[PDB]
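J.: Numbering (our numbering), first residue to last: 9 to 103.
What follows is a single structure, and I will ask about it in a moment.
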């Protein structure tokens, strides 16, 4: 399987999110990570794009997000990996 998965842990309301990608096919690809955090205080929105040469059958850590998530907050993280051709993966956190 080629897939995006999320390594996630928590210490109190402190959350660490590490998106990971494994490819069945060695390639060059475009990786986009979007994150959105909304609370009563305010909002944080990140958009990050990188072009990456990636080997197959190896998990790759795509970035590391440290978020502070209270019970009232919303978080959404969308990770996409594509070559504009036959590779297109997309996954959202939380599941």
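Here a beta-carbon is modelled for each residue, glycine too, at the ideal position from N, C-alpha and C.
In whole angstroms, what is the alpha-carbon distance linking residue 12 and residue 88?
T.: 8 Å
J.: I need the boundaries of the beta strand (DSSP E) containing residue 51, first residue and last residue.
T.: 51 to 62
J.: Hey, could you find the ends of the beta strand (DSSP E) residue 3 is sitting in?
T.: A question about residue 3 goes unanswered here, because the residues of the chain that appear run from 9 up to 103.
J.: Helix, strand or coil, according to DSSP, for residue 3 in the structure here?
T.: Outside the displayed span of the chain (9 to 103) sits residue 3, for which this structure offers no information.
J.: Quick one: grab the DSSP three-state call for residue 78.
T.: coil
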